[PDB]
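Asks: What follows is a single structure, and I will ask about it in a moment.
Laboratory data are not the source of any read-out in this text; all were calculated from the coordinates shown. Every residue, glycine as well, gets a Cβ built from its backbone with ideal geometry; the counts of neighbours run over all protein chains shown.
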Amino acid sequence: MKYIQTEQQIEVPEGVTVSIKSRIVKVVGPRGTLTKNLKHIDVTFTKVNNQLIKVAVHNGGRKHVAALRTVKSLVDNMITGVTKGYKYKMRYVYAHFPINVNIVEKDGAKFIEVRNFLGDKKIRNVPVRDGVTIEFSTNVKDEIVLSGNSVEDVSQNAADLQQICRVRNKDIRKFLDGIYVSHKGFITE
RNA sequence: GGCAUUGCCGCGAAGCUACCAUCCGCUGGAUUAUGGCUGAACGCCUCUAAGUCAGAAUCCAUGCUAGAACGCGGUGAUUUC
């Protein structure tokens with residue numbers, strides 16, 4: 001039933017600093033600074049070393065032990081986007097009507113717009129999330145490479161363009177037009 | 001000028017009136033269905049378990065009507081001298 005002890009270990013890379021007090025994880029490193037708040041989990045961190053953090057739990061059930069290894073992976077995605085970073089290559093697919101994507105800075109921030117998506121006359125606004133720079137691949141005419149130091153604000157922004165460029169009232173297996181993600185790489189690789 | 005239970009006919013202002021006439025009828029947040037993201041369970045996978053995003057003529061506000069005659073606030077003046 002309730003497992004008496006369940007531990008995981010977060011290997012902390014070189015040059016990377018981690019600051020934890022009352023389940024708030026501030027990570028600084030060679031590029032970027034990430035602060036994720038974890039008050040919703042009963043989890044005890046402990047500094048067993050300067051190179052690796054032990055994360056443990058006590059008397060947890062199957063529900064709670066399952067929500068322990070999701071904590072190690074969330075810190076591991078924090079330090080990985082802080083050492084290397086994250087970049088998402090996205091790709092334009094269209095049958096006839098070309099998609100024309102730009103970047104505009106309106107009153108608030110860098111809205112992303114698409115125009116002529118399947119011949120449509122309505123622009124499709126989608127804001128950037130901050131910490132994410134927006135990049136176009138110059139060599140390939142139909143490509144877009146999102147990038148940033150958090151995997152969350154990139155991938156939510158990468159799924160934002162997938163959600164906004166959908167089809168309506170047609171066969172999706174015939175009308176396979178849209179802006180899909182193909183590659184989820186790191187920045188320094 | 002009277003009377004004809006407003007004698008009858010034509011025009012008729014005021015008033016009332018008619019999609020028979022004209023004018024007017026608000027925009028913000030959260031969400032269901034559903035599509036997603038990060039990601040475990042289950043050394044893979046997964047939209048869900050912990051998180052999170054987009055979203056219905058829906059919902060709660062904004063707006064509109066009443067104002068508790070036992071809800072309340074602020075000010076004015078307070079007697080024959």
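Asks: Using mean Cβ contacts within 10 Å as the protection proxy, how do A:45-52, A:151-158, A:92-99 order, highest first?
Replies: Descending packing order for the listed peptides: A:151-158, A:92-99, A:45-52.
Asks: Relative contact order of chain A: what whole-number percent is it, with Cα pairs under 8 angstrom and at least 6 residues apart?
Replies: 21
Asks: Then there is this: For a test of understanding, tell me how many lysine pairs in the stretch A:41-154 have Cα atoms under 19 Å apart, given they are 8 or more places apart or on different chains.
Replies: Step by step, the pairs that qualify in the stretch A:41-154 add up to 10.
Asks: Order by neighbour count: A:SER182, A:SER22, fewest other Cβ atoms within 10 Å first, most last.
Replies: With the sparsest Cβ surroundings first, the list reads A:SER22, A:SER182.
Asks: Once fully extended, how much extra length lies between A:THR80 and A:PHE136, figured as 0.36 nm per residue of separation less the alpha-carbon to alpha-carbon distance?
Replies: Residue separation times 0.36 nm, minus the Cα-Cα distance, leaves 17.8 nm.
Asks: Note down the nm distance, to one decimal, between modelled labels 7 Å out along Cα→Cβ at A:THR70 and at A:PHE186.
Replies: Using points 7 Å along Cα→Cβ, the separation is 2.5 nm.
Asks: Could you tell me the center-to-center distance, by alpha carbons, between the stretch A:49-73 and the stretch A:141-168 in angstrom?
Replies: 31
Asks: A follow-up question, please. Could you calculate the contour length gain from A:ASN125 to A:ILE41, that is, 0.36 nm times the residue separation minus the distance between their Cα atoms, to one decimal place in nm?
Replies: Extra length available between A:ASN125 and A:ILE41 comes to 26.7 nm.
Asks: Determine the sum of side-chain charges near A:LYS84: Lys and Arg each +1, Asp and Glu each -1, restricted to other residues whose C-beta is under 10 angstrom from that of A:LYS84.
Replies: +1
Asks: Calculate the spin-label point distance for A:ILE172 paired with A:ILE24, positioning each point 7 Å from the Cα along the beta-carbon direction, and give it in nanometres.
Replies: For the pair A:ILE24/A:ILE172, the computed spacing is 4.1 nm.
Asks: Angle between the Cα long axis of helix A:151-164 and the longest principal axis of chain A, 0 to 90 degrees, nearest 10?
Replies: Rounded to the nearest ten degrees, it is 30.
Asks: A further question follows. Taking the Cβ of A:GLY119 as the centre, find all other residues whose Cβ is under 14 Å away and add up their charges (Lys, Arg: +1; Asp, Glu: -1).
Replies: +4
Asks: Let me ask something else. Note the full-extension length gain between A:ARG62 and A:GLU105 as 0.36 nm times their separation in residues minus their Cα-Cα distance, in nm to one decimal.
Replies: Gain on stretching A:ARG62 to A:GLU105: 10.7 nm.
Asks: Compute the helix-to-body angle for A:62-83: its Cα long axis versus the longest principal axis of chain A, expressed 0 to 90° and rounded to tens.
Replies: Between the helix axis and the principal axis of chain A, the angle is about 70 degrees.
Asks: Turning to a different aspect of this structure: Between the DSSP loop rule and a limit of at most 10 other Cβ atoms within 10 Å, which trypsin sites (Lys or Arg not before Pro) in the stretch A:95-169 are left?
Replies: Those satisfying the criteria are A:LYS106, A:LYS121, A:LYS122, A:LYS141, A:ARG168.
Asks: Among residues other than A:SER155 whose Cβ falls under 14 Å from its Cβ, what is the net charge (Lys/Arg +1, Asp/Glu -1)?
Replies: Neighbourhood net charge equals +1.
Asks: Among A:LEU68, A:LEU176, A:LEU34, which one moves the most in a GNM of chain A with springs linking Cα atoms closer than 10 Å?
Replies: Its mean-square fluctuation being the largest, the pick is A:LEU176.
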